[PDB]
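The structure under discussion appears below in the form of structure tokens.
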Amino acid sequence: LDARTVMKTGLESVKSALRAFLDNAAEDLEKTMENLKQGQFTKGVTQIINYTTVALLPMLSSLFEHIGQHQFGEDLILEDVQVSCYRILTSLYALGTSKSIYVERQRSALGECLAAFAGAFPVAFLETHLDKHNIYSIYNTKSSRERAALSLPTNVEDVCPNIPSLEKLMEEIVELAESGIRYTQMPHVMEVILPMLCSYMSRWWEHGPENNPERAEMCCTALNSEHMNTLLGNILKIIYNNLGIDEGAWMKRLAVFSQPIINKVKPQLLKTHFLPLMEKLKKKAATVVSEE
Amino acid sequence: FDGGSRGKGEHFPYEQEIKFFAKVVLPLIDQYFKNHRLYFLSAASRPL
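Quick note, the sequences are listed as chains A and B, same order.
Sequence positions in the first sequence follow full-length UniProt numbering and run 3040 to 3081, 3088 to 3337.
Everything in the second sequence is counted per full-length UniProt numbering, starting at 2943 for the first residue and increasing by one.
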């Protein structure tokens, strides 16, 4: 799929087709919300769940990962597509934070779908205090009266209440590295959040004022490269704990999801940060894990 | 077929038609898009 020229000049019914596909995938996710809330148990609604966990998560994952690869998040999703994908975000984060035994055996697909979603999204959904700086923001597009005419909560914190801000997420990350407790008692973060964290980090890394010095204090994302390095090091600490707790392959999938971050990290940053990582790995050499 | 899906009779004038579709055309679509990914992906951004 490529859709840039379709978005600029194309058939209106064709555009309506993609809008219908996207918001249908969103309402299906909403139905999964309602079903698992009424009962965590996962025959029509069961068939809907099967459709979801077999194709809908894969199709959306592929769609948004491809959108990110081709840099298409800035044209496809502007008007009410942001609303549908905010429903999608709330839904997928709800699965990623759910404690259901049923949601567990598709949690691996959940993690790769959440990262793919966060890998491509038109606005920085974790920069609420500076999301006004983005003109692409649905609030900026809808101004005030249209924002009211649409079922828009008028606050970005209000359209994403459940998912914490970037600051809350990163303070959670640092206290998690302080804790270093085992994956079973904390599954959620290192199964879904860290992948989507890294995807968001890559998505708005260039938007960080260190990367674009111009238009600072005006940047939508107040991203920091030292913050990036701290997130990576926190991942390293918790991954040493994972290697000590016999880990699984979910952490290998974490490593391959975070490979782009350890690619954007600098060579002077590579030294004295990964040589430690290889020496931790090689003192715990009895690991199937292949870092880098 | 939605009525026939939950019904007993799966016999249709288009039975062999949908069988040929699912067994040939859809795999044909898969392999064809796989072979010509770049042709579709080309959007005047200087690929191919």
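Beta carbons are placed, not taken as given, at the ideal position from N, Cα and C, and that holds for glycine.
Check	Outcome
Is it the case that the Cβ atoms of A3160/A and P3240/A are separated by a distance below 9 angstroms?	yes
To the nearest angstrom, how far is the alpha carbon of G3078/A from that of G3049/A?	43 angstroms
Establish whether the CB of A2964/B and some CB of chain A are separated by less than 9 angstroms.	no
So which residues of chain A does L2983/B contact, with C-beta pairs closer than 8 angstroms?	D3041 and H3115
Going by the beta-carbon positions, is the gap between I3238/A and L3276/A smaller than 9 angstroms?	no
Measuring alpha carbon to alpha carbon, tell me which of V3126/A, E3336/A, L3137/A and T3229/A ends up nearest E3157/A.	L3137/A
Any Cβ of chain B within less than 9 angstroms of the Cβ of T3044/A?	yes
Flag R3043/A as yes when its Cβ comes closer than 8 angstroms to any non-hydrogen atom of the ligand ADP, and as no otherwise.	In the structure on display, the ligand ADP does not appear, and there are no ligands present to speak of.
State whether the stretch 3095 to 3114 of chain A contacts the stretch 3160 to 3178 of chain A, with contact taken as three or more CB pairs (one from each stretch) at a distance under 8 angstroms.	yes
Hey, which unbroken runs of the alpha helix (DSSP H) at 4 residues or more fall wholly within the stretch 3113 to 3159 of chain A?	3126 to 3142
Check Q3079/A in the structure and name its three-state DSSP category.	coil
Which of the three DSSP states is assigned to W3250/A in this structure?	coil
Is it buried or exposed for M3235/A, if we count other Cβ within 10 angstroms and need 16 for buried?	buried
Whose C-alpha, out of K3213/A, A3064/A, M3323/A and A3194/A, is nearest the C-alpha of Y3131/A?	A3064/A
For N3256/A, which residues in the same chain have their Cβ closer than 7 angstroms to its Cβ, ignoring the five residues on either side in sequence?	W3250
According to DSSP, is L3171/A helix, strand or coil?	coil
Quick one: complete alpha helix (DSSP H) runs, 4+ long, within the stretch 3247 to 3305 of chain A?	3270 to 3289
Taking 7 angstroms as the limit between beta carbons, can you name the residues of its chain near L3314/A, skipping five residues before and five after?	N3274
Are the beta-carbon atoms of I3183/A and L3123/A separated by less than 9 angstroms?	yes
Is it true that the CB of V3201/A sits closer than 9 angstroms to the CB of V3128/A?	no
So what's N3207/A in DSSP terms, helix, strand or just coil?	coil
Skipping 5 residues on each side, what residues in its chain have a beta carbon closer than 7 angstroms to that of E2952/B?	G2946
Would you kindly check if the distance between the Cβ of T3135/A and the Cβ of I3208/A is under 9 angstroms?	yes
Within its chain, find whatever has a CB closer than 7 angstroms to the CB of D3041/A; leave out the 5 residues flanking it on each side and keep chain order.	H3115
Just how far apart, CA to CA, sit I2971/B and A3194/A?	42 angstroms
Let me know the secondary structure DSSP gives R3227/A once reduced to three states.	coil
Please identify the residue among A3056/A, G3089/A and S3145/A whose C-alpha is closest to the C-alpha of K3076/A.	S3145/A
Below 6 angstroms CB to CB, which residues in the same chain sit around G3118/A once its five sequence neighbours on both sides are set aside?	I3112, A3165, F3166 and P3167
For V3237/A, which of helix, strand or coil comes out of DSSP?	helix
Would you kindly check if the distance between the Cβ of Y3228/A and the Cβ of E3292/A is under 9 angstroms?	yes
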